[PDB]
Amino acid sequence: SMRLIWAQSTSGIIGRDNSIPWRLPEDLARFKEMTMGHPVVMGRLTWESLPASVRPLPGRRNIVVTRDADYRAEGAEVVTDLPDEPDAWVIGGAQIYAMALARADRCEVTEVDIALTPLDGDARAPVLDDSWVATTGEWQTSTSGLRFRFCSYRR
């Protein structure tokens, strides 16, 4: 029932130092069009990784998963388990993806062809296996020259 969206190095990395280690104007655009008008479900560290200007993300119901129910998240709902929201998007991070993967039938992935080598402590995308039906988009080039591609997985 759950559906997930993320961007990742082609090496598997979604986050380093509690932020994303690249800027990609096209992926920001696509993520925004996929989630706008829908609840967005995220974990506590993704919440505080947001740039202040976009905390909470505009035009969407923001839901933060945390162990502390009295946690302060101004302008977001706080919950203590993964919610069963009918139109939510699971937007990260690495812990929340691992929890959700088993209960997921859809994955919308951005891939980034970047010099990024795994480091102790990185946040990593889930491993998608031969149980998924894959739809692979062609490689594209961003203004900066960084090359990326959109992929779809369904179950």
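Counting begins at 1, following the sequence as shown.
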When the Cα temperature factors in the entry are averaged, is it 107-115 or 87-95 that ends up higher? 87-95
From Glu26, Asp130, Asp122, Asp68, can you pick the one with the highest C-alpha B factor in the entry? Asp68
Can you tell me whether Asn18 has a C-alpha B-factor in the lowest, middle or highest third compared with the other modelled residues of the same chain? highest
Would you please rank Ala100 by its C-alpha temperature factor against the other modelled residues of its chain and give the third it falls in: lowest, middle or highest? lowest
